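Atom set for the values below is all heavy atoms of this structure, side chains included, hydrogens, waters and symmetry mates excluded. Throughout, a chain's letter reflects where its sequence line sits, starting with A, and its residues are numbered from 1.
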Amino acid sequence: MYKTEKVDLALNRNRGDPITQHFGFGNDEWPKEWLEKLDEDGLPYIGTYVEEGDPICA
DNA sequence: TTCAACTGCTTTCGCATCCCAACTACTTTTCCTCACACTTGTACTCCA
C-alpha cells in the first residue's frame, strides 16, 4: 500500500507575510539522531524505515 | 365547547478594498580627459 503526504510550509503563511521557515538544519542549535533518518537538506533518505514518532523532515 | 400553531422525539461503533509582479525608461552616482580665452616679448619692416 502506498501513501503520499504533502509536507507544506506555506500552509500557515499569508501571501504578504515573508518567508519564515526553511527546510534544512540550523547550525549551533542541535539535536542529534535526526541524522539517522534525514539528510543534509532536511529531507529523508528514500528507502528508509520509519515508525510513528520518527522525524519525516526538518 | 372546538381550531390552529408552536414541538420534542427515529441509531448503535466506526467510517468520512488590499497587495504583489513586468519591462522599458530615465536617471542619478561620480570620476576621469582636455580645451578656450587672455597676455609680453620678438620679428618684419615702418618713417624719420
- Task: Indicate, with yes or no, if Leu43(A) and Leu38(A) share a hydrophobic cluster defined by side-chain heavy-atom contacts under 4.5 Å among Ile, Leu, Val, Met, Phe, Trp and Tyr.
- Result: no
- Task: Please indicate the pucker of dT30(B), north or south, going by the torsion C1'-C2'-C3'-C4'.
- Result: north
- Note, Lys6(A) side chain near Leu11(A) side chain (heavy atom, < 4.5 Å): no
- If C1'-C2'-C3'-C4' is positive it's north, if negative it's south, so which is the sugar of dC18(B)? north
- Message: Could you tell me if the bases of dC18(B) and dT17(B) meet the stacking criterion, namely six-membered ring centres under 5.5 Å apart and ring planes under 30° to each other?
- Response: no
- Message: Nearest whole Å is fine: how far is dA21(B) P from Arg15(A) CZ?
- Response: 13 Å
- Message: Should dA22(B) be tagged north or south? The rule is the sign of the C1'-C2'-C3'-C4' torsion.
- Response: north
- Message: For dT12(B), tell me north or south, taking a positive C1'-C2'-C3'-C4' torsion as north and a negative one as south.
- Response: south
- Task: Using the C1' atoms only, state how far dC15(B) lies from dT11(B), rounded to an integer number of Å.
- Result: 15 Å
- So what's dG41(B) doing, north or south, if we go by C1'-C2'-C3'-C4' (plus is north, minus is south)? north
- Given side chains that start at C-beta, do those of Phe23(A) and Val7(A) come closer than 4.5 Å, heavy atoms only? yes
- Query: Glycosidic conformation of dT45(B), syn or anti, with 90° from 0 as the boundary?
  - Reply: anti
- Item | Spacing of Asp17(A) atom CG relative to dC18(B) atom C1', expressed in whole Å | 15 Å
- Using the ring of each side chain (for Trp, its six-membered ring), is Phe25(A) parallel, tilted or perpendicular to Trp30(A), with breaks at 30° and 60°? perpendicular
